[PDB]
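# Architecture at a glance
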Amino acid sequence: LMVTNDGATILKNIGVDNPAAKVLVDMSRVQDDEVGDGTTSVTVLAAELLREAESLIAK
Amino acid sequence: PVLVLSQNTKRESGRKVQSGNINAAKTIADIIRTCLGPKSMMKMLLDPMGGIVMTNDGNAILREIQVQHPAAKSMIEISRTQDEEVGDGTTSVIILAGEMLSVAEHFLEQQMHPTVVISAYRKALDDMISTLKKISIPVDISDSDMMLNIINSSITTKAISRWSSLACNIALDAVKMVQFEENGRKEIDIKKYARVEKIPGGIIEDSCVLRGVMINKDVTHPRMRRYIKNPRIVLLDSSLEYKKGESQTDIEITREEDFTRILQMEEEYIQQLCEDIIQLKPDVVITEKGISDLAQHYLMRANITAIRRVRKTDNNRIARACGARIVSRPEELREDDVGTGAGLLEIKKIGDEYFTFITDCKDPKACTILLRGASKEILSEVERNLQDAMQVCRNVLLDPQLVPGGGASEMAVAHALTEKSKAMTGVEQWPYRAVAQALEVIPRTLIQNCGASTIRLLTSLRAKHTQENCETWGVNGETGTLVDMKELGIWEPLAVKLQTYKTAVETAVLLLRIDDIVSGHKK
Amino acid sequence: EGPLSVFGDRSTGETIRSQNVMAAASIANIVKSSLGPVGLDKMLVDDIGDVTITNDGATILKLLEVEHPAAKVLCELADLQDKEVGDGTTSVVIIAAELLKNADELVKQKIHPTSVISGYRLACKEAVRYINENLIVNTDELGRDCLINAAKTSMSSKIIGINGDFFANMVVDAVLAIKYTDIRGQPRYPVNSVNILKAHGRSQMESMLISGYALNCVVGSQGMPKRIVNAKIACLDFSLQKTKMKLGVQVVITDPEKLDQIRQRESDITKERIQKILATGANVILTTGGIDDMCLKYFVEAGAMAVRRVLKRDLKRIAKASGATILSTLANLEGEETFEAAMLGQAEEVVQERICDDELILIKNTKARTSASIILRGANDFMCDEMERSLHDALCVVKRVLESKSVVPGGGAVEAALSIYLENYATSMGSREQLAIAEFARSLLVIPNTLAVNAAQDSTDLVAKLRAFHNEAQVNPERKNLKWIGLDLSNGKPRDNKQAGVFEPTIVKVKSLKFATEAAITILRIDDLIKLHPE
Amino acid sequence: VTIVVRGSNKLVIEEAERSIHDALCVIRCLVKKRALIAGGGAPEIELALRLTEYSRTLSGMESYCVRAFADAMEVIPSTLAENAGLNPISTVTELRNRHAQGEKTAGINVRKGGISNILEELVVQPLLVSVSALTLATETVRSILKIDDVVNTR
Amino acid sequence: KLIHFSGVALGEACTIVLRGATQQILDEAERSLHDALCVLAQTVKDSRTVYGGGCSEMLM
Amino acid sequence: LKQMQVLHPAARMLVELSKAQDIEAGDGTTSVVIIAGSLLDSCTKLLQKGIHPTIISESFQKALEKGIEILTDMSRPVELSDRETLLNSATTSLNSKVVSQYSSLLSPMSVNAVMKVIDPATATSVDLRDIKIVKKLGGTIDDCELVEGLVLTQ
Ligand SMILES: Nc1ncnc2c1ncn2[C@@H]1O[C@H](COP(=O)(O)OP(=O)(O)O)[C@@H](O)[C@H]1O
Ligand SMILES: Nc1ncnc2c1ncn2[C@@H]1O[C@H](COP(=O)(O)OP(=O)(O)O)[C@@H](O)[C@H]1O
Ligand SMILES: Nc1ncnc2c1ncn2[C@@H]1O[C@H](COP(=O)(O)OP(=O)(O)O)[C@@H](O)[C@H]1O
Ligand SMILES: Nc1ncnc2c1ncn2[C@@H]1O[C@H](COP(=O)(O)OP(=O)(O)O)[C@@H](O)[C@H]1O
Ligand SMILES: [Mg+2]
Ligand SMILES: [Mg+2]
Ligand SMILES: [Mg+2]
């Protein structure tokens, strides 16, 4: 049992299985090992870009 | 999920338990009470390995029976204590125990505490012993014709009763020979020095007791002699073979002449052994272990005879018979450990098989009983009967006393106790009388097996003993008429009677002190 | 359930207090029929059919399978009474279960148990202080009479009850034969230093005491002698076999001519040791280790007796009794090995006897000190084992009496007096504690009730008479002699037990009260339970 | 120094051992902070009474929360008055009354069965026990309120 | 009990003692403090900073 | 709390909380759980009233600081040379266990152990590893003793 706020620790322990979700987990782990902050901001931003991308395809 | 306190353990209590044990004791008695008296018939038993035990022995019947009940396990056990102790009376002890236990439930149902009965039982046992010693008869062991009648009176109830006159001679000669006084003043009659050998075939009239021993072996090399008149014998323990040491040895060889020299050194070492044995000039060499082929070559050169791989149980009998003693290292072989008390050595063939004989000893202290007969089953019953006779003779030689047989003693004791109980005041008076009355199951069993009237014969015999001097009157077991035991000539050693009464009383005390049973607690 | 996800079952309140009392009560009911001279015995048959007959309270409980924790506390309660004292292991179990049952009804009424616990402790402390008024001085009584009667009383209710006078004489003589003189002025009686042997056969009245020692072993070889009339005993702790180089040392041969001398030394080193031993006059050799078959020959020619595979504890007692010294090696304060004659034991005779188809060794009249051993005879093995357990109880009782010169009457005279005293004493507390003390006095009264019930008598009339007699002893101090009225079970009447010869050591009543109270308190302090499921 | 502990069961021995281990730890605390405080629930009733007066000073949403914190301290003095078979409402009302007009040592007296001066009963406890208990409690509760979600991992 | 070094010569390394009530707080405190140490070490390597709190995102 | 196997994630922080007080103080391991329990219980009413959890956390910390100053003003200094005060403190933390009856024997023993380990002049901490407890069966609790030496089992 652990209580955390870090956005990279959470994504490491979750057992995702969707192929596209594993790409998002991989960037967050690399970002933590690179500068050590912004793990939550990168994944939210990388997800909000795809949210707008599906609407554009529908047009 | 479930709440428990003892986890699968049964329990019983109350008057059901006391009645349960007694009913189990009587059942064992009912199995065996047909094998008492000269008219006793046989039983055949079946073992897990497929053999057949056609026997009349009381102990032999019970040791082939499997029973779960705790109460029954006691009765089976006291059977073998009697056999190991005095060798005779394994049937009368059981029948008494059942009757002494059965005449007790009468008092229990009349709200009588068991401790009251127990104090009465052991009180009657002391007067039982004193009365027995009073009517004891002294015997003179120097009279051979008297000792033959003692043994004959104990095997007339078995299968060899047809050949009784032969059997008493075999039993008496062996025991008279194994008697041995030694350092200090310890006299013994040990019985591992009286081997019993069975060989099927021939006739039972070919049995004999040898002045010596017999061995199921043969000469190693055929050229060695098979008939010697007065052999000088030596008994060894070690092996005549170049064996390895034990100190983590290894040999490193770097020359041409070291491999062959090492091999030649083993043959010189054996020649050292054989020469040392020859220094004492014997004619027979007996050893426990193997003999190398080389060692035989040197020994046959000096006209010696050798035997391989004899059991340690047989050397100890040979050593006592011939007069030699066993020596382990030949370098310490002397003239005081060479046996010259033999008188013959012979090797015969008994049905496609070689035996070795050492007979005609000057003064042997070990014997080997040879038996011939129909088949294994019959000879198996013969040795069981012979063992009882040789155990009967020994007890006479240690305690030279006799008491009348055929039920005379039981009635004599019964009368003495009854006349004594009327000077007793109190509630213990009643149990003190029922215990004495329980002895009369011995003559009663004899009458029923004969085919007579158990009501008429017993009341006449009880009335007889009421007179002043008739203590020796008993019941004839073949016709069914009250006859005096002086003329008929039936006697049994005092030691047998004492153990029968003592064991019977104490077992009834054990099972009367029970109140409950707990089972299945898994250690 | 809802809250407290624990994966287990929990109970609270009156549920667990009542359940604990029944679990404790059931243990007492098993052994309640084994108390008093009118008690009986039990069998305990396992799954594999092995039978066991005993009424010894500690033995019964140890052989049962129990898993309720409230009952396992009582099973080790009886076990502790065995080690600390060795007698009264059935009285303690009954008392403990009665204290719980009587205290439970006090708790069902709105009484806080911590008040009850404090009431119990005060009663126990005052009772032990009072029990130092019912003291009987051993030296005031005859020395032999007090020991004999104490042994006889502790031997009743057994398989050898009416055989007391025969066995009590054997028991006291054996104990006095092992008396030890220790530091400054303390004596010592180390029981269990007497070897007890069992062998079925003749009746138990023919069991014999041995003035010496007995070994359950037979001589090594047949050719060796079997009786020595003046023994020079040598005790050894090492094997006598052919020597062999240690594991670190190896043997490498490059010259074949040296091989023959190498192999001789293996069998020749042992020969020289034997000749050193036998040159000083040793006739009997005892060894814990083994002896090679070749080494037995040297004893044969020299005419000496030797035994192999002897237990260590046996060797310690013989060495103490015969004056010999146990050797684990031969080296001395210099290089060489020696074996002097000042280090040999001496006994008057060594005989190998025959006892019901097997043989054993007897050592008689050891001169350095005295030692004794007992051989027991019986109908069979189950009956033989019963006297052994019934004799260990007699040895312990005598030892406690000799060490501490004080005895108290038996039959229930102690409990009857204490119940009267506590009931009268509690009236001067003036708080809710008097309720707990009064329950303590009534709980002690269970012992005289149990004795009378087993004898099929009126347990109400008899106990009522005792309370009348003990009351007249506390008041009216002219009749103070009436504090020894006990109980007779044969006739169901009261009788002066001090003159009748019924005695118990004080350390039995004293220790039983303390142990029972502690076990009652610890169980009483539980209000809920949590059981976890097996993994 | 060493101590040998005796007993009749293995259960009693272990519980005797733990009880000794606390008596030792109480003395250790008395060396780290040489201060003594009255027991019997006195520190808790006094804590609640003064916090109630302190809440009235504050204004807004804060006053409610301090009031809730103040009333939470009443649990312990009620719990001791409950286990002894007393009326919890009556006792705590008497306690808060007696602390608001003078003495502060007033507390529950199990031996007498009511409320009396505590120091006359010679029941005290070290200051570090009360301070550390309060400090560790609030730090944990502030940690609990930060939690928002539960997920299952490997 | 720990060995204490005081008044060292260089001091180019250090130790930090963390205290807390639960193992969850101690782990969270240590993991949180790792973020601060790393981002500061990057600042010393490259000392140019950009405003935050949403000021940066709105500009781009 | 350690022996039980609690499964709720928020119920597994209370077992660690009680172990925290044990390490620092060694006493009050039950009371600190009760305080933490009632603070969280009182929080369920505030969240219904509309209070944001962030406000609740900040307000409790305000109350915690006030709680410290009330206790400190309530305390009283203690000097180590006063033996009577130490006995009253030890026996108070000892009469809540099963050995409350035997506290008349253990309480002077416990203080003696601490006074034979430290120097009262410069005592700033106490190490309990120099005091060894040996457990031995047999007898009752009343047979314990303090050994000024060494005890070996083998
Ligand atoms: N010829 C006989 N007439 C009457 N009784 C006999 C005769 N021979 C033996 N008996 C009796 O048989 C009894 C038991 O002998 P036996 O049948 O061998 O059983 P066991 O020896 O096992 O008790 C003895 O008591 C003896 O008195
Ligand atoms: N002759 C007697 N008369 C009265 N009571 C006796 C007699 N002999 C023994 N007792 C009683 O038996 C009780 C315990 O004996 P026992 O059955 O061996 O149980 P325990 O296992 O407690 O020793 C003792 O309290 C003693 O008072
Ligand atoms: N006091 C503050 N005021 C305004 N914005 C802040 C403040 N503190 C942090 N932030 C913002 O919070 C954002 C998220 O940072 P953080 O919560 O650590 O998640 P991440 O893992 O993405 O860094 C940052 O962009 C930062 O600008
Ligand atoms: N004689 C007494 N009278 C009233 N309260 C007491 C007494 N002795 C101890 N207490 C109370 O017991 C409480 C805690 O005791 P305890 O059961 O050890 O719990 P904890 O494990 O929290 O220390 C303390 O708050 C103390 O005030
Ligand atoms: Mg016969
Ligand atoms: Mg007993
Ligand atoms: Mg405490």
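If you check the header, you'll see the entry was determined by cryo-EM and the resolution is listed as 3.6 Å.

## Here's the deal with the pairing of strand β12 (residues 284–287) of chain C
All names here are of chain C. On β12, burial covers both faces: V284 and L286 on one face and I285 and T287 on the other are all buried. Relative to strand β13 (residues 305–307), β12 is paired through three bridges, and the arrangement is parallel. Counterpart to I285 in the pairing with β13 is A306. Once the chain exits β12 it traverses helix α9 (residues 293–302) before rejoining the sheet at β13, and the crossover so formed is right-handed.

## Some words on the interface of chain A and chain E
Often the size quoted for an interface is simply the accessible area lost on bringing the parts together. Counting residues at the interface gives nine residues for chain A, matched by six residues for chain E. For the pair chain A and chain E, the summed buried area comes to about 740 Å², and 43% of that belongs to carbon and sulfur atoms. Here chain A is connected to chain E by zero salt bridges. The tally of links between chain A and chain E comes to one residue pair in polar contact. Its residues assigned to classes, the side of chain A that touches chain E shows four nonpolar, four polar and one charged.

## Structural notes on the nonpolar core
Across soluble globular proteins, nonpolar side chains have a tendency to be buried as a group. Judged by nonpolar contacts, the single largest core of 94 residues is most densely connected at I94(B), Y121(B), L512(B) and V398(C). Take this core: its biggest share by element is 10 residues, from helix α11 (residues 381–403) of chain C. Not counting chain neighbours up to four residues away, the residues in contact with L512(B) comprise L101(B), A104(B), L108(B), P114(B), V117(B), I118(B) and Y121(B).

## Some points on the site of ligand 4
Surveying the vicinity of ligand 4 reveals the residues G40(D), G41(D), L80(D), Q125(D), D27(F), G28(F), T29(F), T30(F), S31(F), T92(F), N95(F) and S96(F). Of the chains in the model, those with residues near ligand 4 are chains D and F. Here an oxygen atom of ligand 4 and a side-chain polar atom of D27(F) are 2.9 Å apart. Between an oxygen atom of ligand 4 and a main-chain N or O atom of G28(F), the distance comes to 3.1 Å. Protein chains bury 73% of the 570 Å² of accessible surface belonging to ligand 4 in isolation. Class assignment for the residues of the shell around ligand 4 results in one nonpolar, 10 polar and one charged.

## Examining the coordination of the magnesium ion (ligand 5)
Coordination of the magnesium ion (ligand 5) by the protein is provided by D88(B) (OD) and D88(B) (OD), with metal-donor distances spanning 2.6 to 2.7 Å. With respect to the secondary-structure elements, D88(B) resides in the loop between α3 (70–86) and α4 (92–102).

What counts, and where the lines are drawn
Residues numbered from 1 in each chain as written, not as in the entry; some residues may be left out. Chains lettered and ligands numbered in written order. Part of a larger assembly, values for the part shown. Heavy atoms only, no water. Buried < 20%, exposed > 50% of the residue type's maximum accessible area, 1.4 Å probe, protein only. Helix = DSSP H or I, 4+ residues; strand = E, 2+ residues; numbered from the N terminus. Pairing = 2+ DSSP bridges. Right-handed = clockwise from strand over helix to strand, strands pointing away. Contact = heavy atoms within 4.5 Å. Buried area = accessible area lost by both parts, 1.4 Å probe. Salt bridge = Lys/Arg side-chain N within 4 Å of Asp/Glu carboxyl O. Polar contact = N/O pair within 3.5 Å; in protein donor to acceptor, adjacent residues only side chain to side chain. Nonpolar A, V, L, I, M, F, W, Y, C, P; charged D, E, K, R; others polar. Core = buried A, V, L, I, M, F, W, Y, C linked by side-chain atoms within 4.5 Å. Near = heavy atom within 4 Å. Areas by Shrake-Rupley, 256 points an atom, 1.4 Å probe, with all protein chains shown as cover. Donors = N, O, S within 2.8 Å, 3.2 Å for Na, K, Ca; no water.

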